[PDB]
Protein chains: 2
Amino acid sequence: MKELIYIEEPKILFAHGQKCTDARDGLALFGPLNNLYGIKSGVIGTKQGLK
Amino acid sequence: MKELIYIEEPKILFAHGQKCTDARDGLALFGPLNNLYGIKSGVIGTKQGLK
């Protein structure tokens with residue numbers, strides 16, 4: 001018989017010094033680290049692509 | 001006795017589609033034209049410069 005070992009989950013960090021094992025859950029619960037104000041986007045393409 | 005002619009002020013435009021004559025008053029009554037979200041800044045210099 002061969003023997004296996006287990007390794008625990010490492011956990012990741014989010015806003016307010018809160019730890020979670022998932023990024024989706026930690027983002028929906030706490031939020032990201034830094035503070036952006038807003039994304040200004042440039043769109044290059046056809047008309048239907050822009051729509 | 002030569003004659004002088006007078007030319008009216010051209011006026012400059014602001015937010016809300018509002019025309020004024022002085023830039024200072026038109027920035028403190030209707031604000032700028034485009035809509036940013038905030039200015040992220042970089043500083044290069046000594047410690048006193050950052051202070």
Exercise for the section: Could you run through the range A:41-51 and say how many residues are of a type in the set (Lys, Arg) and assigned to a loop (DSSP other than H, G, I, E, B)? Expected result: 1
Practice task
Mind listing whichever residues of the range A:26-51 are surrounded by 10 or more Cβ atoms within 10 Å (Cβ to Cβ) and within 14 Å of chain B (Cβ to nearest Cβ)?
Solution key: A:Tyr37
Problem - Exclusive hit being among the aliphatic types (A, V, I, L, M) and either under 17 Å from the mean Cα position of the chain (by Cα) or assigned to a helix (DSSP H, G or I) (or both), set B:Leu4, B:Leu29 - result: B:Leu29
Problem - Among (1) in a loop (DSSP other than H, G, I, E, B); (2) farther than 30 Å from A:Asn34 by Cα; (3) of a type outside the set (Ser, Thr, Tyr), the one test that B:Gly38 misses - result: (2)
Problem - Candidate set: the range A:7-25, residues that are surrounded by 10 or more Cβ atoms within 10 Å (Cβ to Cβ) and in a loop (DSSP other than H, G, I, E, B); chosen: the one nearest to the other protein chains (Cβ to nearest Cβ) - result: A:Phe14
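We place every Cβ from the backbone using ideal geometry, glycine too, and count neighbours over all the protein chains shown. We did not get these values from a lab; they are worked out from the coordinates using the rules stated.
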